[PDB]
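Protein chains in written order, with PDB author numbering: chain A, 23 to 113; chain B, 23 to 113; chain C, 23 to 113; chain D, 23 to 113. We put the CB at the ideal spot given by N, CA and C, even for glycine.
4 protein chains.
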Amino acid sequence: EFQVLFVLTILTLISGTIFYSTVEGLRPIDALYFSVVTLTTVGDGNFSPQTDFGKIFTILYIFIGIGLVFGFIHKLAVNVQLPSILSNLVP
Amino acid sequence: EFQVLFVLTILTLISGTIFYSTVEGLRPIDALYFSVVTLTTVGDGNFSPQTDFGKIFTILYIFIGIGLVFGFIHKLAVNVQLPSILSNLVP
Amino acid sequence: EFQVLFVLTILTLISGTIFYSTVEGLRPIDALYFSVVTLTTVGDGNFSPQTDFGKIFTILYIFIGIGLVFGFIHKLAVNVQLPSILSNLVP
Amino acid sequence: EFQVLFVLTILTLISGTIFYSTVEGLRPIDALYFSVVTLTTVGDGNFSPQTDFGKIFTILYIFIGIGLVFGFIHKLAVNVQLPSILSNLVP
Ligand SMILES: [Ca+2]
Ligand SMILES: [Cs+]
Ligand code: NA
Ligand code: NA
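This is how it looks when you write it as structure tokens:
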């Protein structure tokens, strides 16, 4: 579950990294950063896609990627950080 | 369910597209982009409504549209991407 | 329930409106707009508090106000828009 | 529960405050502010990490910290503000 959500999140972020570095001309790390803050809804206060292709892609990317990213965050905390903390609350 | 949430999400986005292109003078694609990142809470780091009508509309648009948009995202992932992935996890 | 969440959301937004217009010097509508996009997590890409008092207040405002605002959105959609749409799905 | 989530949220914010003030050169209050709006997904419309170390750290910080911060907000409202309001609804 967590492994598949992890793999799935990685693939979605790789696609965004390739898209923004190619179409929007961002350095790969900046494309990855933009993909991450976009799908987590944090957003970036400096950059917004400048091309129409970039705007359309971003719209579709958000709708398809938000659910998955939050599912991963949802499990990464409930099935990986909770116990590591819950079990660690046992005297 | 997914079909109605899909239709309902589309109508909400069409209203925002018409509103921002008319009152805030945005090109339609930019108005659609702003509507999408606003209702998904991603936000835009470059544009904020410049008119008071735009600010009031945005406030009301957020309260009314956020629930619907996330319900759609909630189903688009649970009832359309999960199985397509879950059923695909079957050896 | 919806009435109390509505009243409670209004009071929280009035406090933010008074705070930002006084301490950060924003016009009331801009202070209300900032309060709304902050508590809904949309954010504003143009304005961030400029004073240390404003930054501290914003931090506390977010932690205390986010839960309430989303509870209101949660009910405004589940107990006020769903049926109005659900009951309207009945042939 | 609320006490542990409170302590855990504080430690996560202290780490971000130390990181951004050191690597990104922000004044401590600005580093704390950035950490808070980032983990709550509000975002900041003015500042984005300028260094690659800062961008990578922010990506990891978001994935690890978002779940915890929202769990805290989730309990701070359900187990600390609801009753204080619910019990106060009793004539
Ligand atoms: Ca900006
Ligand atoms: Cs945001
Ligand atoms: Na958000
Ligand atoms: Na934002």
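Under 8 angstroms between C-beta atoms of residue i and residue j
{"i": "D/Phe94", "j": "D/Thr44", "result": "no"}
{"i": "C/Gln103", "j": "B/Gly47", "result": "no"}
{"i": "D/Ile84", "j": "A/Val64", "result": "yes"}
{"i": "A/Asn101", "j": "A/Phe41", "result": "no"}
Proximity winner among the options, relative to residue i (alpha-carbon distances)
{"i": "B/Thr80", "options": "C/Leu104, C/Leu111, C/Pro50, C/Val59", "result": "C/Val59"}
{"i": "A/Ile86", "options": "B/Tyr83, B/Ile78, B/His96, B/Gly87", "result": "B/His96"}
Buried or exposed by the 16-neighbour rule on C-beta atoms within 10 Å, applied to residue i
{"i": "A/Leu111", "result": "exposed"}
{"i": "C/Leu27", "result": "buried"}
{"i": "D/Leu98", "result": "buried"}
Sequence-distant residues of its chain with Cβ nearer than 7 angstroms to residue i (five each side left out)
{"i": "C/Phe75", "result": "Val45"}
{"i": "D/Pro71", "result": "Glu46, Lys77, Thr80"}
{"i": "D/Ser57", "result": "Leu35, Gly38, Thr39, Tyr42"}
{"i": "B/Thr73", "result": "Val45, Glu46"}
{"i": "B/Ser106", "result": "none"}
Own chain, CB closer than 8 angstroms to residue i, minus 5 neighbours either side, in chain order
{"i": "D/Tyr55", "result": "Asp66"}
{"i": "B/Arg49", "result": "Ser43"}
{"i": "C/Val91", "result": "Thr31, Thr34, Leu61, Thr62"}
{"i": "C/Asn68", "result": "none"}
{"i": "D/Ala53", "result": "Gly38, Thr39, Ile40, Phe41, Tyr42, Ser43, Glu46"}
{"i": "C/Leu82", "result": "none"}
{"i": "D/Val29", "result": "none"}
Sequence-distant residues of its chain with Cβ nearer than 6 angstroms to residue i (five each side left out)
{"i": "A/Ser109", "result": "none"}
Any heavy atom of ligand 2 nearer than 7 angstroms to the CB - residues listed:
Any residue whose Cβ sits closer than 7 angstroms to a heavy atom of ligand 2 makes the list: A/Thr63, A/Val64, A/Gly65, B/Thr63, B/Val64, B/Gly65, C/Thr63, C/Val64, C/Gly65, D/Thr63, D/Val64, D/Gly65.
Hey, which residues come within less than 7 angstroms of ligand 1, measuring from Cβ to any heavy atom, in chain order?
Going by the Cβ distance cut-off, the answer is A/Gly67, A/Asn68, B/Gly67, B/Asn68, C/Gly67, C/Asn68, D/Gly67, D/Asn68.
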